[PDB]
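# An overview of the molecular structure
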Amino acid sequence: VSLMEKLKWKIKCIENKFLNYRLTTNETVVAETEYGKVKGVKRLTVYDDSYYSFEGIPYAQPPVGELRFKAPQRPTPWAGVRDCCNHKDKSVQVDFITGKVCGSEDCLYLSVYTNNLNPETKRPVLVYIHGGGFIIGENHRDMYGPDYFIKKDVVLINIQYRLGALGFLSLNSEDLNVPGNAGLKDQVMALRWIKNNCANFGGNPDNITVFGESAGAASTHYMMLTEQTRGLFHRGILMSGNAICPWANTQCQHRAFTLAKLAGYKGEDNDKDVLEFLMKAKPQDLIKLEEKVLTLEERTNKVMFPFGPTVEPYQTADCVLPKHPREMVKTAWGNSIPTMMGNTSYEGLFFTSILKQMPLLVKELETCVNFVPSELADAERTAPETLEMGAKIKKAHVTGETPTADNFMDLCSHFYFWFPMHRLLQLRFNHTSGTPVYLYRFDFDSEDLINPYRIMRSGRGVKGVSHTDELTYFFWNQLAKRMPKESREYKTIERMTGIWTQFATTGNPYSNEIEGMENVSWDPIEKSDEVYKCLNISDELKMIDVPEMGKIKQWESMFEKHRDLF
């Protein structure tokens, strides 16, 4: 991020300080939880709405010392009242704007929001799991403010969970009890807290919706796959992601050793000596080195993060992922709850800045071997079969005689999002009770209202709807402003939160009370459908055939000889 955007960010952080004080009221309230009482407070919004706010509710013991890299433990209860009028630290991470390590190991908290603590009827509960590649993110309201959602009569809960190597270190040796996925286990403990405590805030424990974007969508999907969460919630929404995405998991068991070596470890490649080393290290020191762990080959093979969700090397009581995601789909309890999935209309547009900085990436489309699904390719990417499959991908996305940045970004939309969605839909149809899945396509472009990911990506002035652009219309953030009610942006906020709230309530995203839906016939996708239908969300709401269908089928064709792997 440039100096100019850094200095502006800093000014916005100071302004958000002052705004937050002005919107804090003196109406404190006290709620009961299974571990003790919590004090929260009424806050106002810039639209002059109000909501009750509880931040910093612990759902697990701080994972420090001997608990580092381990499954979460339940928290210590308290006899008095805990002050929850203020946020806690985020998980240790690199700050996307400053580039400095920030956060704390003491990060296992959630926040609860609602416009009415004592409603006549218990309300739908929506739980947001934030994205950020499993390496950044938070539930702070300067990024994820509930100010738009609390216009609806819902309970909204935003959770945190361990990130990076501290959340996703994995070691083969069963004796060490570091199987991996600690951060996903964090999410599990949070969802258990929510089911067992949302009643205290007017929530219906029998009508919970989990949703998330990007890594939060992969997370929502993991929470729909694992037996650990069976029946804990009742709808799911996957926004630009799922667990089949190539970036959403990784067999990272050898990278603990690699990280240790980067941090100055001398010794053998041996799980116990490496763990004992990492257990001593300053948490900041490990997180700063994480961007250096992936090898050239791994990066070439499109492995996106060194640590992340993994198939656990051995089964334990708290095992979240005992098998690969595709195998887990075959028995998943979440296949049989109402589900909504969607993507934006130009997902890969996110990588505009990366392609300007490393223009030689475009030459990857000369053969496209690096984008062949890794289960079909070779690490070398030189096998004749890999070349043949790469030629198929190239036909799908290279439009002229010279591959272009636009072509690269289009390819990325499919590699990272549309193709794994198609794979998931087809696999799920074979293993479900018949509960509906609805598709949306977010296609609303504005720069009058933005969110911090646009700064992170240097995407100001870039026309089109990138990965993360829809979040602006769901959550307040410290770059936002009050929009006029007749503005296209305000209308889109009402539409997006209205649709999500409607789906959370009934399992059907359609509502006649949502402006622009008068002629919308939004049917769920059927197994028999050759072509997916979706609600395209622009200035108008229109049911259309997914424009991406043709390319989706071309990617599918790579599995013609290997249909069991599709």
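Residues numbered from 1 in each chain as written, not as in the entry; some residues may be left out. Heavy atoms only, no water. Residues with missing side-chain atoms left out of burial classes, pairs and counts.

As recorded in the entry header, the structure was determined using X-ray crystallography to a resolution of 1.530 Å.

## With respect to the packing of helix 5 (residues 255-262) against helix 6 (residues 271-280)
Direction vectors running N to C along helix 5 and helix 6 enclose 50°, while the axes themselves pass 10 Å from each other. It follows from the interaxial angle that helix 5 and helix 6 lie oblique. Our pair here, helix 5 against helix 6, has a crossing hand that is left-handed. Residue-level inspection shows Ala 256, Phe 257, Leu 259 and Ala 260 of helix 5 in contact with helix 6, the latter providing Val 274, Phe 277 and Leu 278. Across the contact of helix 5 with helix 6, the residue classes tally to 7 nonpolar, no polar and no charged. (Axes fitted to C-alpha atoms, helices over the stretch in contact; angles between N-to-C directions. Helix = DSSP H or I, 4+ residues; strand = E, 2+ residues; numbered from the N terminus. Parallel < 35°, antiparallel > 145°, perpendicular 65-115°, else oblique. Left-handed = near helix turned anticlockwise from the far one by under 90°. Contact = heavy atoms within 4.5 Å. Nonpolar A, V, L, I, M, F, W, Y, C, P; charged D, E, K, R; others polar.)

## Focus: the side chain of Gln 160
Relative to the helices and strands, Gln 160 is located in the loop between strand 9 (155-159) and helix 2 (164-168). With relative accessibility at 2%, the residue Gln 160 sits in the buried group. There is a polar contact of 3.0 Å between the side chain of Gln 160 and the backbone oxygen of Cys 107. (Buried < 20%, exposed > 50% of the residue type's maximum accessible area, 1.4 Å probe, protein only. Polar contact = N/O pair within 3.5 Å; in protein donor to acceptor, adjacent residues only side chain to side chain.)

## Observations concerning the packing of aromatic side chains
Within this structure, the stated rule accounts for 35 aromatic pairs. On the basis of an interplanar angle of 65° and a centroid distance of 5.3 Å, the ring pair of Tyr 265 and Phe 277 is categorised as edge-to-face. Of this pair, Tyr 265 sits in the loop between helix 5 and helix 6 while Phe 277 sits in helix 6, and the two are 12 residues apart along the sequence. Residue class for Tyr 265 comes out buried when judged on its relative accessible area of 5%. Grouped by ring-pair contacts, the aromatic residues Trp 247, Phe 350, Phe 351, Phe 371, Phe 408, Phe 415, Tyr 416, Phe 417, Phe 419, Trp 555, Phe 559 and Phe 566 constitute a single cluster. Between the NZ or CZ atom of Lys 302 and the centre of the ring of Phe 371, over which it lies, the distance is 5.2 Å. (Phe/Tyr/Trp six-rings, centres within 6.5 Å; stacked < 30°, edge-to-face > 60°. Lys NZ or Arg CZ within 6 Å of the ring centre and 35° of its normal.)

## Examining the pattern of salt bridges
For the structure shown, the criterion picks out 35 salt bridges. Where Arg 74 meets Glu 34, a salt bridge forms, and the shortest distance between an N and an O atom there is 2.7 Å. With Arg 74 in the loop between strand 3 (50-58) and strand 4 (81-83) and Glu 34 in the loop between strand 1 (24-33) and strand 2 (36-44), this pair connects stretches of sequence that are 40 residues apart. Using a relative accessible area of 34% as the deciding quantity, one classes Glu 34 as partly exposed. For the salt bridge of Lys 39 with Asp 83, the shortest nitrogen-to-oxygen distance reads 3.3 Å. Of this pair, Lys 39 sits in strand 2 while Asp 83 sits in strand 4; the two residues are 44 residues apart in sequence, bridging distant segments of the chain. Each of the salt bridges in this network shares a partner with another, and the network as a whole consists of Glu 447, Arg 454, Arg 457 and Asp 469. (Salt bridge = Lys/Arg side-chain N within 4 Å of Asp/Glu carboxyl O.)

## So, a nonpolar patch on the surface
A cluster of nonpolar side chains, contributed by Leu 3, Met 4 and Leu 7, occupies part of the molecular surface with about 310 Å² of accessible area. Of note, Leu 7 is situated in helix 1 (residues 3-22). (Patch = residues over 30% accessible without salt bridge, like charges linked within 9 Å, V, L, I, M, F, W, Y side chains within 5 Å. Areas by Shrake-Rupley, 256 points an atom, 1.4 Å probe, with all protein chains shown as cover.)

## Notes on the environment of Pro 325
The residue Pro 325 is located in helix 9 (residues 325-329) in this model. With relative accessibility at 6%, the residue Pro 325 sits in the buried group. In this structure, the C-alpha to C-alpha distance between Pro 325 and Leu 225, residues 100 residues apart in sequence, is 7.7 Å. Aside from chain neighbours lying at most four places away, what touches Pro 325 is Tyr 222, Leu 225, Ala 243, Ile 244 and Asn 249.

## Some details on helix 1
The end-to-end C-alpha distance of helix 1 is 29 Å, a good match for the 28 Å that 20 residues give at a rise of 1.5 Å each. Turning to helix 1, its buried residues are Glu 5, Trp 9 and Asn 16. Here the buried residues of helix 1 occupy an arc of 45° about the axis, which is enough to place them on one side. Looking at helix 1, the residues exposed on the side facing more than 90 degrees away from the buried face are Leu 3, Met 4, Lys 10, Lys 17, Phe 18, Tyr 21 and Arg 22. (Expected span 1.5 Å × (residues − 1). Arc of directions from axis to C-beta.)

## Section: the UniProt feature "domain: Carboxylesterase type B" (unreviewed entry) in the protein
UniProt's entry tags residues 30-543 with the feature "domain: Carboxylesterase type B" (unreviewed entry), counted in the numbering of this structure. Split by type, residues 30-543 is 26% helix and 16% strand. Its first and last C-alpha atoms lie 45 Å apart. (UniProt positions renumbered as here; feature names shortened; annotations may be inferred.)

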